[PDB]
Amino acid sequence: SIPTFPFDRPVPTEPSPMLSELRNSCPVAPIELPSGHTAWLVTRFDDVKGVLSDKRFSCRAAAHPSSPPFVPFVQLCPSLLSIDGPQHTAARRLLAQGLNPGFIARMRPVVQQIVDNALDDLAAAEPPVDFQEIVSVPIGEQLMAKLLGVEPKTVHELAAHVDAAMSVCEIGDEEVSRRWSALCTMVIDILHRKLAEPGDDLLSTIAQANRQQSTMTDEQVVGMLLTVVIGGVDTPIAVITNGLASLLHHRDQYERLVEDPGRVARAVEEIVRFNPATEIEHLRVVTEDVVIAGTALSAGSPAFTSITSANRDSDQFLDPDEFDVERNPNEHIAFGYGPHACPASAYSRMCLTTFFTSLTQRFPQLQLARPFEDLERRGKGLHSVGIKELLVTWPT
């Protein structure tokens, strides 16, 4: 029979073996979602790029109530992953206006200070300690706090509801809706506060520009902001943590960064290629009859791509399952492809480069505290593949 999603991960920080199995047997494979509906998964690099840039695979149709469920937030609000066409383009323009090059430059010292303080907390601790609880989670929460113009504690409360918003089959049906309502109320209240008293933050600049341009309704802005919050907290945390786990397991790769900090930028490209934050992408629904890689898909078929699998495709990368932070050229699609490609790719690259430069400079002899085989996935039923904890140690 056909395989069921979520797939197993005997190694939590590595892709599910099912991905390579399908990649080397069927380019468009049927899979059974937890809701029972059958969907088709695309796993090859060239094919994944084609689907993500093929407007016949629409996120809007995936947000339609009749469409099968995957992540609740997509069907509960006009998220950026719930729309297409001119409506989506207009929202991305506004977001791109806020994430302008001047904004990135101004954020460089802000990120450096957040990284410094988190690493100050690590150095002051007595090893072993959970790197995730002490460093990456505070960093991810405090970065989003700067984007939203709120206090770090406020983002911590928001993050509690993010798991429900991205729950494929982890959280109960009743608690999802109650945690979703709380998440919406928080974001709604934040937006209204910033509209009344805009500050020096990304959210305020977008809210002010939209108010002047009168191009998005308040509900559409909330939908976009919800997407930013859901995608901007857990994903950086998962990549940093899982990425570090790979760096400390393949310990010779961590040492390469210690040896030459000028190559950390290149290493970040390999980190995002090698440690994606999800197993498959958000749901798409085919709107017309199409033929993809010799496979016919009728209108209404639910479709999934796997950037995780694409970034391991031996047709695009030499020795794709090897972690090589010096890999160059490295033409991955870790930040997506097509209209829904990550709007924060430049911001995220700067953030990860700042962090891994500082970490490797201050903790050159960092090590895994316990065996690599003891790592566990935080939540199999979550869209994210972040691990439960990463215990590390260093000479004292």
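Numbers for residues come from their place in the sequence shown, where the first is 1.
I need to verify one thing: averaged over C-alpha atoms only, is the B-factor higher for 26 to 34 or for 43 to 51?
The deposited B-factors put 26 to 34 ahead on the C-alpha mean.
Decide which of the stretches 59 to 67 and 352 to 360 has the higher mean C-alpha B-factor, going by the entry.
Per the PDB entry, the higher value belongs to 59 to 67.
I'd like to know which of 109, 128, 276, 232 has the highest C-alpha temperature factor in the PDB entry.
Among 109, 128, 276, 232, the highest C-alpha B-factor in the entry belongs to 128.
Using the temperature factors in the entry, find which of 204, 89, 241, 75 has the highest value at its Cα atom.
Highest C-alpha B-factor among the listed residues goes to 75.
How does residue 310 rank on Cα B-factor within its chain, lowest, middle or highest third?
It falls in the bottom third of the chain.
Mind checking which third residue 269 falls in for C-alpha B-factor across the chain?
Ranked within chain, residue 269 CA B lands in the lowest tercile.
For residue 324, does the deposited CA B-factor place it in the lowest, middle or highest third of the chain?
Within its chain, residue 324 is a lowest-third residue by C-alpha B-factor, going by the deposited values.
Using the B-factor values recorded in the entry, state whether the Cα atom of residue 152 falls in the lowest, middle or highest third among the modelled residues of its chain.
For residue 152, the deposited C-alpha B-factor lands in the middle third.
What third of its chain's C-alpha B-factors does residue 98 belong to: lowest, middle or highest?
Bottom third by C-alpha B-factor.
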